[PDB]
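Participant: Sequence, then structure. It's an experimental one.
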Amino acid sequence: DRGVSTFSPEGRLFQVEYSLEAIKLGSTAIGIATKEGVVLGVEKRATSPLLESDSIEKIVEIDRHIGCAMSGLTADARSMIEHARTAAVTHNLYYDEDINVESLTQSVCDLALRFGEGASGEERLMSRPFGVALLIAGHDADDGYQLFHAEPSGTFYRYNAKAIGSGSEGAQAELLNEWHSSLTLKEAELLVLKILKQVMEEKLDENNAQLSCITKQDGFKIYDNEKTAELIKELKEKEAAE
Amino acid sequence: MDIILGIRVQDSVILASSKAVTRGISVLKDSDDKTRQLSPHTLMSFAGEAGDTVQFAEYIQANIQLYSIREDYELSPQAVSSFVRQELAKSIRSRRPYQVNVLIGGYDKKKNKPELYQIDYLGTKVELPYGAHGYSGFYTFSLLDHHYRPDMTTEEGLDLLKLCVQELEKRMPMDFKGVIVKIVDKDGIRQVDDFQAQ
Amino acid sequence: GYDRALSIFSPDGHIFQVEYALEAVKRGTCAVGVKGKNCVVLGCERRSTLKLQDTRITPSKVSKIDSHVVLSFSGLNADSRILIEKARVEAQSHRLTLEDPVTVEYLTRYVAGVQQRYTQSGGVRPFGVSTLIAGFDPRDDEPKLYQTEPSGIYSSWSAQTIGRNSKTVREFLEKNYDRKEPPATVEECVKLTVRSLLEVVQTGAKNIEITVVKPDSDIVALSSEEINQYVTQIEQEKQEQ
Amino acid sequence: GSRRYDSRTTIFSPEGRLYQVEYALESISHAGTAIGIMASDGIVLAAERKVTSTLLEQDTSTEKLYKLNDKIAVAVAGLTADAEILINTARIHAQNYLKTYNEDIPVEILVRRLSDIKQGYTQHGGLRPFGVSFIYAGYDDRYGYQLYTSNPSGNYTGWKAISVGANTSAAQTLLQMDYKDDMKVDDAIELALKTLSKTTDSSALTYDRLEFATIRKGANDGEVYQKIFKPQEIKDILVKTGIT
Amino acid sequence: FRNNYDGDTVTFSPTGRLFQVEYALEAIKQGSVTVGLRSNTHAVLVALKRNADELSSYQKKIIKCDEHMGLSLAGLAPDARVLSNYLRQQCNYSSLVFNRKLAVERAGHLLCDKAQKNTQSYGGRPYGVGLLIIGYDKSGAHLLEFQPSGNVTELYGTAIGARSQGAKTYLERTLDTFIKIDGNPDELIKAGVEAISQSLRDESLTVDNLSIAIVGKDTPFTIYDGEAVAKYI
Amino acid sequence: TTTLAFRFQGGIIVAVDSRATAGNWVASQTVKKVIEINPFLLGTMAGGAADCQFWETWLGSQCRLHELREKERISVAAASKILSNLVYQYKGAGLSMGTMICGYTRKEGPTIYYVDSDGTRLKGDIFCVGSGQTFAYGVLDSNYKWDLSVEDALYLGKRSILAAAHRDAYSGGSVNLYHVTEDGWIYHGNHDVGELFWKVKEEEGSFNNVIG
Amino acid sequence: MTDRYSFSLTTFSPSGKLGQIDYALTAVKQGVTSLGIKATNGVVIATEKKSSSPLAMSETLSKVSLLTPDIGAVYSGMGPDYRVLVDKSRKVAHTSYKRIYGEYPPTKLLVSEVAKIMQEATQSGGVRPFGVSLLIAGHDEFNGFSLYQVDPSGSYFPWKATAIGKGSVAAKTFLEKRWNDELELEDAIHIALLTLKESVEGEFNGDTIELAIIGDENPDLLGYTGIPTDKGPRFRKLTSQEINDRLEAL
Amino acid sequence: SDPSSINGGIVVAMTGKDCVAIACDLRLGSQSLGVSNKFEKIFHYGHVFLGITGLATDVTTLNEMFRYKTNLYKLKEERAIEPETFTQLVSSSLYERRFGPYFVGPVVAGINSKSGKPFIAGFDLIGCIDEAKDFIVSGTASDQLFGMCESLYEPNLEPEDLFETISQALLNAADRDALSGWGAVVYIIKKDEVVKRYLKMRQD
Ligand SMILES: */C1=C\C(=O)NCC[C@H](O)C[C@H](NC(=O)[C@@H](NC(=O)/C=C/C=C/CCCCCCC)[C@@H](C)O)C(=O)N[C@H]1C
């Protein structure tokens, strides 16, 4: 056929590219950073009414000051999460200190290109690349609140706001205009909730959507349905307001 | 050593096991249960080295429970005792052997008879009317050699036991803090919570 | 030795071997699970391409991972055994190391992981199986129903079905099960399950097998009669109109 | 590299099927027919010897009926060579079970292990599956008489009557037409012979083209017995069932 | 043609080419421009950091390998990590074992051989990054250009990446001038920034867009970003 | 070293000394023999210092990882078995540690587990481990009642260590107290044996032998 | 390096055939004829020494080989494949039997071993099946004399008599006619020489025919004396001279 | 300390007229303590008998092993194994563990089904074979058995006489050994039948 680690004439790795396609087909995930914390939002997207919507975990905790959101083939994210968590707890065991958000990110990205059928660089055993992207958000004493985008390519960027998934291209455009260095956590909460509503095929409610955030004071917390439902209501109102 | 006794009467097997756990100069516990249930009708008492003892029993437990789940059937005592003798016979010639001696007592629901098995860390297995590990045998075998009968009832057997536990408290150096007794029969495994004065 | 990457990405971002694994699931017999208010019931259909089988011995579709958790499937039979065995061992191991039997959610997440792993490990094809795992956590009475698939994804359901014509029976359940008021009885919970299977089993008293799981390791598999009876009573429901 | 010549014997078809398994079954379909009929007091195994000659030594031959244990036997359909590799590992598994538990291996336990081995070649290794299907006929004290069947896929199931190899559709129908639960061993023996006699691609059904085995519990003993018939034995029973 | 000979690196085309390696080289041209130039006292790197959105950040292009050596990249960032990290170990091994600073010329030889291994065995893939390594060792300042093919070359200056030819020509022209900027880093850095702006087009180099690295006689390889590069834009 | 822990109405009391020796040489009088595994778990240090301090910190990491993974605080019975199994993997290698894993889970209530490098894991109400264990047992054993006030129980602990610090040459320095409730444990100060001894003597009239 | 052919080179075709085993058998068909006949007190196996140049010395080569003192082999197909199989066969007879029971294996079992070798060459990774078929003849105390044929597929079966290779079809028919269950060894040797004559184009003498018999114990071929139970090998290859003398009574 | 002297026990085999006998005690102890009086040391696989003295755990292990082997042997060879062959199997099985042997002393007895000839043989712990035509001894009281046999024994005894002789050798030998006794069993083997008798002896 054609090796999993082959280069395209344009200088790209086929598997990685195709990997990015599967991601576009993934649920929406948005992240907004503010000097008051970072907000992460995801589209549950239930394939049926019988499916208990809250058994859908697309936002997980890495550590008390680090959480992430996933988009794309999510079963793939499992081992990335385990690694990220171990890396965070381990760094603590060895340095008696919290792991910096960027380093945690950089750590996950290091697994990314570890694939092939005999790549002459070490012992990269994993048949294909990961088919999921991640939004990593947290806070640390060195660079405060941070949002990161980690891809199956093995690279990562830092964003003030970023959306990945099926509605990304448009949602990102929204953020481009909406975001500003003075947003408050609440503002960002409604903004995330609003963009999810626009791009979602379904009617946004506290059951097919989910919020959460990271604040230096209480760390990473995932909003329970009630807290969210209200923010949704408060959003509909201010919208009809004009 | 610890007190590990076993007696097979007419329709059940009785297992007595010292409750003390001493470490050097101090007796750390007086309510220790040196036993593990392998299946609804199979119980195994054990005594030996500090870590090996529990690690082996639980390991054997896990495997027999797995066989039960996988086969949706309960292995006969005889078979369970054969699996255990094998595990120890492997251990004996391994890098760091398990120093654990065990008594296996169970009720064969198919033959409808109780069975008692004595197995030592070497993998020595023997089937007996009554048996014991450690020094206990030294004062109890003659008692039982004298007063034992195959058709005794569970009650008769429980008395013969009290007789043994008495001789042991009289002539044995160590204070083993009494014993915990258990009966295994057609209906399963139950503990005689009233022997501290039965 | 052999480590060819069999599950890989295609231009449109799809892992075909995993998708084809799903197709194998669609072909397998049907399986269903509905959780009541104090129990969970699993029902599976039995093929009829041949009949002269000895049901006594022939391996049944609902397996026990432990004494409080069961697992049924749809897909390749051979492949289910590998998964069942692995989960069974994990069940005992977890008891040993944590001194506490696996929760249904956990045992499920483990099985899902095995599947996901087989989708990005060289030299192996994904499992042509999807599963339904149900039971009650230790010292808990709230019923648990979970589903897993080749991709490695899993989630919980109030009721769900997998296998051939699962499209049908799911529709049936979607408009016959109210989360507000779940089959408050073991009895009416077993009924909703037979009803749902009859939508596709096409008269098969001996072609349907049920298994009810109640809190505290109370699992039992109904016999033809107990089932046949449920079928009888249901056919009158239709005629009486 | 070598990826060029790799048949990928372990992947799914777009229809969710395993090519190799499918094709291997296609292979088995041209194999001599084998039937297993389970009566109330025993089990019967019969198979048709594919390709024979005047010169073929039949007294020393055995190409379909193999003894695994003292209470378990199998009829084969597919590659004899492949069958043996598996037959031997089964005979060993049987003995290990004994050595460990000091009890004879339950018929289903032996069947499952053998089927797991096949399943393996189906999921990893880049190797071809075993072109073989088995009809296991054994007895144990936990389920008594049992009849099982396993194929290249690694799946196995239980049966009252069943056949594998060539003309199975025809054989199954004929069996499905005259099999009765209250059957007796000799009844099964006859149904067996007759079924073959009608599916045979040959002119007539002679003893020299057959293999026969029965697992009965001779009353005047109390123990189950395996008996693999000798040429002169099949010849007798052949005349009696009225096929001369 | 080419389609039958580019499926992997263990195949030669009928004209003796290794396409997989050539496609790798392509990844570099697609990468952001970066320039390197030296004198007899200092060696400089200037890079144009690229960004995703305007809400994102500008990915780092320069990595420090030791107190006397470092490099800038163009291409697959992950690979630069792998390679610079390998170069760090080699620098480290030389210190620990021989209490000796790894010579730039040797670092280059090490890189070359590592890259090469991935172009002759089945299963591997060439690296998709280009590197410009500067450093000050026992024989002065040095500048190396590393290509995925395995070819490492020592130059006075050079540039790699999209529109690099602009800067390369400017240097090729200014040669006799900058090669003599001794005892004055700020000047060599300017000649650096000028050469790189010769490859601009899209935009103009800003403060959080430009990136400078400098190593030399009494200068431990240090990096400059943002406000730090202000006095050069 | 003297460390004790007992269960009672008010939950669990944990007391330890802080003397570290190397032969007859007193290395430290300021050692922390209570490892704070987390807001609900406590570990005691007896036997080899590094062996306890290290492997117990390690246990903490393992517990944290379990909670992230299971979204549920680890049980005391399980945290004790992780330490237990780890240590048994090294049986024979020479590790030296006698420890108590203490905690309060809604599911088990107050629980104490004894864990030594021998592979021994025991659940119980009262445990004294260390070279001064018998001296604490003496005091503790004869003044224990499930019905002790959280205040009287706290004192019995402090005093049981004082007893051991006196007689045992390898124990001493200061006393460290902990109170285990479900909301977690509560530190109850560091009590320099230097002063605590005199104080108790005067106020209690005990240690009558010593000349004051 | 490193054999990257860890997958099967012999797989199933949609029709259900195993190509390589088929092609392998085709190669057996092309090979020189060789046959075997079981008498009441012996077995005989023979083939034709088809010299591949008058400059080549066909004596420096054996198509009929000794496996154990009571088992001989012969083939049809690819010479080099037979050669390595003979070595492997002799070894396995030791490693898996003589070294355990202190006695040479019985025909069926040794034959069973060879079969296993070939079967694996049918499924193992990166290899092709063996392009030969063997006619193994031998004798053991509890089974008497026997003759087996082993195919590249790894299958094998017992024969009263049979032939393989080029003129096998013709030869088989001729044998089915002459064979009976009362033949003495000499008779079979004669019949053998006859059957062989048809398949032989050119010369037919003791220097172009290779034949061996599994008959009585040759104490004279032991090499030592003084051990009652050791009676000598039953396998004996005939000499050029021995052949001709019979070719006259042909 | 000495493995071959932890459990105790003895075995002896004799040949008579068209017959062979093999006998053993029933003791199984742990040093001075007697534990079981039902531990038999004779087993058989088909018409072949095997006595095993030594460390009990190994006595059990080897029995399970030879069962396993003789079973597969019959399945492949399609006949029961003979005494002579079995001897070779035992020997190589033991030498297989040359540098960490089973602490046992095996004794083989049987009549060759095909030749009708009686056969007995002994082995040391690493497989060395001793094939006598009169008698083989083994166990903690082997010195005694040697004195007993070397005297009592005579060729071609009848099954009824050989019984007396092998029983007398066993009994009196066991009575001078603290680690042997507590019962005994004797097997008399003829080409057609096998008789197993239990003996009456001291229990001290
Ligand atoms: C409790 C005291 C106790 O319960 N028992 C007394 C014995 C106990 O093991 C002593 C322990 N002391 C230490 O851990 C000390 N550290 C060491 O002993 C380190 C030893 C290293 C040995 C390897 C050889 C090194 C040679 C170096 C030459 C320069 C103190 C200092 O930590 C102890 O006090 N335990 C207390 C908690």
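Facilitator: The structure has been received and is ready for your questions. Numbering: from 1, shown residues only, chains lettered A, B, ... in the order given.
Participant: which ones are touching the closest residue to chain C within chain E?
Facilitator: Proximity to chain C, evaluated over chain E using Cβ to the nearest Cβ, is greatest for residue E:123 at 9.7 Å. Quick note: C-beta positions are derived from backbone N, CA and C, even for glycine. Residues counted as contacts of residue E:123 (Cβ atoms under 8 Å, 6 or more residues apart in numbering or on different chains) are A:3, A:5, A:116, A:117, A:118, A:119, A:120, D:1.
Participant: so how far is residue C:1 from the nearest residue to it once chain neighbours are set aside?
Facilitator: Spatially, and ignoring its direct neighbours in sequence, residue E:123 is nearest to residue A:118 (2.4 Å; Cβ to Cβ, 6 or more residues apart in numbering or on different chains). The gap separating residue A:118 from residue C:1 is 12 Å, by Cβ to Cβ, to the nearest Å.
Participant: And those two? Which one has more around it.
Facilitator: Comparing residue A:118 with residue C:1 by other Cβ atoms under 10 Å in any protein chain shown, the one with more neighbours is residue A:118, at 20 against 15.
Participant: So the more buried one is in contact with residue E:122, correct?
Facilitator: Yes: counting by Cβ atoms under 8 Å, residue A:118 does reach residue E:122; the two are 6.3 Å apart.
Participant: Mind jotting down where the helices sit in chain F?
Facilitator: Applying DSSP state H to chain F gives helices spanning F:49-70, F:76-89, F:133-141, F:150-167, F:193-204.
Participant: what's the answer for chain E, then?
Facilitator: Using DSSP H, helices in chain E cover E:19-29, E:77-98, E:104-117, E:164-178, E:185-197.
Participant: same deal with chain C?
Facilitator: For chain C, applying DSSP H gives helices covering C:16-27, C:77-98, C:104-117, C:166-174, C:186-201, C:224-239.
Participant: Same check on chain A?
Facilitator: Going by DSSP H, chain A shows helices at A:14-24, A:77-95, A:101-112, A:168-178, A:185-199, A:225-240.
Participant: Could you list the contact residues of chain A toward chain C?
Facilitator: A:4, A:14-15, A:18-25, A:48-52, A:55-56, A:73-76, A:78, A:115-118, A:125-131 (Cβ under 8 Å from any Cβ of the partner chain).
Participant: From chain H, how far out is the nearest residue to residue D:76 once chain neighbours are set aside?
Facilitator: The shortest distance from residue D:76 to any non-neighbouring residue, by Cβ to Cβ, 6+ apart, is to residue D:83 (4.5 Å). Going from residue D:83 to chain H by Cβ to the nearest Cβ, to the nearest Å gives 15 Å.
Participant: Please tell me I have it right and residue D:83 contacts residue D:133.
Facilitator: No: the pair residue D:83 / residue D:133 is not scored as a contact, 9.3 Å apart, by Cβ under 8 Å.
Participant: Please say which of the two ends up with more neighbours.
Facilitator: Set residue D:83 next to residue D:133 and count neighbours by other Cβ under 10 Å: residue D:133 wins out with 27 against 24.
Participant: Tell me which strands whichever helix or strand the more buried one is part of pairs with, and in which orientation.
Facilitator: Here residue D:133 sits within strand D:132-140, counting by DSSP states H and E. Here strand D:132-140 is paired, per DSSP bridges, with strand D:72-78 (antiparallel), strand D:144-150 (antiparallel).
Participant: How about exporting the last one as CSV, limited to the C-alpha atoms?
Facilitator: Backbone C-alpha positions of strand D:144-150 (Å, rounded to 0.1, in the frame of the first residue of the first chain) are rendered in CSV as follows:
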residue,chain,number,x,y,z
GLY,D,144,-23.3,-36.1,30.1
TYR,D,145,-23.4,-36.6,26.3
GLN,D,146,-22.5,-33.6,24.3
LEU,D,147,-22.0,-32.8,20.7
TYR,D,148,-20.2,-29.7,19.5
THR,D,149,-18.9,-28.1,16.4
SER,D,150,-16.2,-25.6,15.7
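Participant: Measure how far it is from the centre of its chain, please.
Facilitator: Distance, stretch centre to chain centre, for strand D:144-150: 10 Å (Cα atoms, centre = their mean, to the nearest Å).
Participant: got a list of contacts for it?
Facilitator: So strand D:144-150 is contacted by C:54, C:57, D:36-39, D:42-43, D:107-108, D:111, D:114-115, D:118, D:133-140, D:156-162, D:164, D:215 (Cβ under 8 Å, 6+ apart).
Participant: Can you identify the element that follows it toward the C-terminus?
Facilitator: Downstream of strand D:144-150, the first helix or strand assigned by DSSP H and E is strand D:156-158.
Participant: Skipping adjacent residues, who's closest to residue H:95 in space?
Facilitator: residue H:127 (3.7 Å).
Participant: Correct me if wrong: the one you found contacts residue H:94.
Facilitator: Yes: here residue H:127 reaches residue H:94: they are 3.6 Å apart, a contact under Cβ under 8 Å.
Participant: The two: which is more packed in?
Facilitator: Higher neighbour count among residue H:127 and residue H:94: residue H:94, with 21 against 18, using other Cβ under 10 Å.
Participant: Walk me through which strands the longest strand along chain G pairs with, and which way each runs.
Facilitator: In chain G, assigned by DSSP state E, the strand with the most residues is strand G:132-140. According to DSSP bridges, strand G:132-140 forms sheet pairs with strand G:71-77 (antiparallel), strand G:144-150 (antiparallel).
Participant: Give me whichever of the ones you listed is most buried.
Facilitator: When neighbours are counted by mean count of other Cβ atoms under 10 Å in any protein chain shown, the highest per-stretch mean among the strands paired with strand G:132-140 falls to strand G:71-77, a mean of 28.
Participant: Show me where chain B has its strands.
Facilitator: Going by DSSP E, chain B shows strands at B:4-8, B:12-18, B:21-23, B:26-29, B:35-39, B:42-48, B:100-108, B:113-119, B:125-127, B:130-133, B:179-185, B:188-191.
Participant: Identify whichever of the ones you listed lies nearest to chain F.
Facilitator: Across those, closest to chain F is strand B:26-29 (Cβ to the nearest Cβ), at 5.6 Å.
Participant: helices and strands around that closest one, which ones?
Facilitator: strand B:21-23, helix F:133-141 (3 or more Cβ pairs under 8 Å, 6 or more residues apart in numbering or on different chains; DSSP states H and E).
Participant: can we see that at 10 Å?
Facilitator: Applying 3 or more Cβ pairs under 10 Å, 6 or more residues apart in numbering or on different chains; DSSP states H and E, one finds that strand B:26-29 contacts strand B:21-23, strand F:109-116, strand F:121-123, strand F:126-130, helix F:133-141.
Participant: All set, thanks.
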